[PDB]
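# Secondary and tertiary structure notes
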Amino acid sequence: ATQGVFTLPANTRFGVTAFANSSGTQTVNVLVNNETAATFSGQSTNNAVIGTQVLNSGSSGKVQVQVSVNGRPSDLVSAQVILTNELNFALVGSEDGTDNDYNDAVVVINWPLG
Ligand SMILES: *C(=O)C[C@@H]1O[C@@H](C)[C@@H](O)[C@@H](O)[C@@H]1O
Ligand SMILES: [Ca+2]
Ligand SMILES: [Ca+2]
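Everything in this summary refers to the structure shown in the same document.

Parameters at a glance
- Residues numbered from 1 in each chain as written, not as in the entry; some residues may be left out.
- Chains lettered and ligands numbered in written order.
- Part of a larger assembly, values for the part shown.
- Heavy atoms only, no water.
- Residues with missing side-chain atoms left out of burial classes, pairs and counts.
- Donors = N, O, S within 2.8 Å, 3.2 Å for Na, K, Ca; no water.
- Buried < 20%, exposed > 50% of the residue type's maximum accessible area, 1.4 Å probe, protein only.
- Pairing = 2+ DSSP bridges.
- Helix = DSSP H or I, 4+ residues; strand = E, 2+ residues; numbered from the N terminus.
- Axes fitted to C-alpha atoms, helices over the stretch in contact; angles between N-to-C directions.

Reference values for angles at a metal are 109.5 degrees in the four-donor tetrahedral case and 90 or 180 degrees in the six-donor octahedral case. Bound to the calcium ion (ligand 2) on the protein side are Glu95 (OE), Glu95 (OE), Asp99 (OD), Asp101 (OD), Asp104 (OD) and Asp104 (OD), at distances that span 2.4 to 2.6 Å. In the primary structure, the donors to the calcium ion (ligand 2) are separated according to the pattern E-x3-D-x1-D-x2-D. Between the calcium ion (ligand 2) and the calcium ion (ligand 3), the interatomic distance is 3.7 Å, and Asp101 donates to each metal, bridging them. For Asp101, a relative accessible area of 36% puts it in the partly exposed group.

Whether parallel or antiparallel, the strands of a sheet pair through hydrogen bonds between backbone atoms. Spatially, five strands are ordered β5-β2-β10-β9-β8 in an open sheet, and the strand pairing comes out antiparallel. Every other strand in the sheet has two partners, leaving β5 (48-56) and β8 (75-83) as the edge strands with one partner each. Taken over all neighbouring pairs, the strand axes of this sheet differ in orientation by 15° on average, direction set aside. One ladder, built from eight bridges, connects strand β2 (residues 13-20) with β5; its direction is antiparallel. Among the inter-strand pairings, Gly15 is bridged to a residue of β5, identified as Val54.

A word on the coordination of the calcium ion (ligand 3). The protein atoms donating to the calcium ion (ligand 3) are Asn21 (O), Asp101 (OD), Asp101 (OD), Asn103 (OD1) and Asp104 (OD), with metal-donor distances spanning 2.3 to 3.1 Å. Sequence spacing among the residues donating to the calcium ion (ligand 3) works out to N-x79-D-x1-N-D. Taking the relative accessible area as the measure of exposure, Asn21 reaches 16% and is therefore buried.

Below is the structure:
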């Protein structure tokens, strides 16, 4: 199934933050309505934050996370969780290799802000 694609409410600010846990430099691209809105890159095996940013979901609300390592797309896992009918999380893990820890880039999107 498709992973890493989330429909947000339109015209709403949201946060996106990426963490790395791999020997490989992770590149995380965040598309809003199919156009690049942020791109983060970095290397850590210690959960370093490789980027954090506030972005607007725009007219479509469509947000897609892509993760690439060594020029190759990583395998993605994702889900969304909503607490008290108000606080939203879109969660992505990714695997760049064969150990299947799925933490090589971890991406957390949260809304609403403010
Ligand atoms: C080896 O390069 C694989 C790669 O880096 C490891 C240190 C570990 O984080 C593994 O999950 C990652 O796929
Ligand atoms: Ca891995
Ligand atoms: Ca890892």
